[PDB]
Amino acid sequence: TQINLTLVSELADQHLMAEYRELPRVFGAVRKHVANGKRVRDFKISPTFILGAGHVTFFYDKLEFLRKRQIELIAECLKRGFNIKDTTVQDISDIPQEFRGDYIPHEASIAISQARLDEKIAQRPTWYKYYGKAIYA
């Protein structure tokens, strides 16, 4: 799965939908972890936002930043007139306070995230739309 740091409102319709669908899976992985007896202390959580290998684990003690972003991904899907059937944030008050930390990206973290979206696009842009328009060349 992938988590972005960019303004959801600038997300290509396809990126908006995928994130929407994927972000929440982070909540379920942590529920699973906590049911096997794992705590934040048991994970290699990078000090800095990354893309490769420990990308998702990076958000394991940042579920509160994820929750607020979920809220934003739903609002942007309705705003565009997408028919999404899940319009409510996930209740994660059941997860121990330790994993529900916030987060605030540095413009340099964000830039990392923008370039990955940006190069996905340019791969084959006829495949991406913004509010169902092909503005990507």
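The first residue of the shown sequence is 1; numbering continues from there.
**Student:** Quick one: say whether 95-103 or 61-69 has the higher mean Cα B-factor in the deposited entry.
**Tutor:** According to the PDB entry, the answer is 95-103.
**Student:** Look over 17-25 and 119-127 in the entry and identify the one with the greater average Cα temperature factor.
**Tutor:** According to the entry, 119-127 carries the higher average C-alpha B-factor.
**Student:** Go through 56, 89, 30, 75 one by one and give the residue whose Cα B-factor in the PDB entry is largest.
**Tutor:** Among 56, 89, 30, 75, the highest C-alpha B-factor in the entry belongs to 89.
**Student:** Can you tell me whether residue 7 has a C-alpha B-factor in the lowest, middle or highest third compared with the other modelled residues of the same chain?
**Tutor:** For residue 7, the deposited C-alpha B-factor lands in the lowest third.
**Student:** Give the position of residue 82 by CA B-factor within its chain, expressed as the lowest, middle or highest third.
**Tutor:** It belongs to the highest third of the chain when residues are ordered by C-alpha B-factor.
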